[PDB]
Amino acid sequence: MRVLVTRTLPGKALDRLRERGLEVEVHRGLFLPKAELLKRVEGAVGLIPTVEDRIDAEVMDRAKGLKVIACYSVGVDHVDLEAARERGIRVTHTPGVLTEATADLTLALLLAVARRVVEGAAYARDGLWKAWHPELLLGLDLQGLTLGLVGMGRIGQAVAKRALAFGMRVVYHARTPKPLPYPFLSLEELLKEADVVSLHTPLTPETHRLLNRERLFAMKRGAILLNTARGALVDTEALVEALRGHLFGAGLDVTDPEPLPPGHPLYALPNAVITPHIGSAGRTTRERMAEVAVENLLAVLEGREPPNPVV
């Protein structure tokens, strides 16, 4: 029995598979052309893909004998679930594991923008730092400001908890209210009253470019936009427009398109902080994700019910 892992993983979670007599094939590098995936997948009983791998019907048919697709991620939009179901293939993911890490970086971006940390680091690095001054790199004090969360799942709730510790007030909008000690608002009122808007809602036809030109300019002048969820939730070109003078700034860990090309105007805006989708990039988090994917995969191969099934 051979298992295909589309990318190298941190930690030694895979050793468990090797200990079980399973043959582990781990693909090295930043890219995996669909052509090479099809070649490597045939004959494999188990598969551990990433969000960068399109696991469609073709891949499944090519993998005559595939029993489980243990996703190295919480999201599974890159896997044709119905195609797998129709083929008796189990599909699992890694829920819960990256919540705190994603929340942490969300906060890191808020602080990075609000207090001009990235900008300040460049200022010192480039030799512009000559002395301390009362008006140098003034940012926004967070105390008393309102953080408006769009989507209140586990990550959104983790972000709210952190925000409260910085003296921020919290409000939120979601498809459904929740028993939380925060005011539930319509998207319209949230954009109107929030000093900082953070996105934490899944991407769907309804949320595709939710933060369009009209909503971005509906936010208060001097507001900050944060997005560590899905790039497509924001109309990138419109964000550039709003950043020239309306919005205080924006912190993005996800973009559209993604990756965001080097010559894109957002990179030329000092009030924009763009990180390369590293929201879950905590070493322990990434190793934990590996352990969970491995557990799910072994579970299915041992004729047991996996702990985090999608199908």
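The numbering used is simple: start at 1 and walk along the sequence shown.
**Q** Using only the Cα atoms and their B-factors as the entry lists them, report which of 111-119 and 178-186 averages higher.
**A** Stretch with the higher mean C-alpha B-factor: 178-186.
**Q** Which of the two stretches, 204-212 or 191-199, shows the higher mean Cα temperature factor in the record?
**A** Mean CA B-factor is higher for 204-212.
**Q** Out of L105, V234, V79, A124, which shows the largest CA B-factor listed in the entry?
**A** Answer for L105, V234, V79, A124: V79, with the highest C-alpha B-factor.
**Q** Using only the C-alpha B-factors in the record, can you name which of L243, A70, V254, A57 has the highest?
**A** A57 has the highest C-alpha B-factor of those listed.
**Q** Based on the entry's values, in what third of the chain does the Cα temperature factor of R169 lie: lowest, middle or highest?
**A** For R169, whose C-alpha B-factor we compare with every modelled residue in the chain, the answer is the middle third.
**Q** Could you say whether, by C-alpha temperature factor, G144 belongs to the lowest, middle or highest third of its chain?
**A** For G144, whose C-alpha B-factor we compare with every modelled residue in the chain, the answer is the middle third.
**Q** Lowest, middle or highest third: which one holds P49 when the chain's residues are ordered by CA B-factor from the entry?
**A** For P49, the deposited C-alpha B-factor lands in the middle third.
**Q** Sorting by Cα B-factor within the chain, modelled residues only, which third would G88 end up in: lowest, middle or highest?
**A** Answer is highest: the recorded C-alpha B-factor places it there.
**Q** Based on the entry's values, in what third of the chain does the Cα temperature factor of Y267 lie: lowest, middle or highest?
**A** Its C-alpha B-factor belongs to the middle third of this chain's values.
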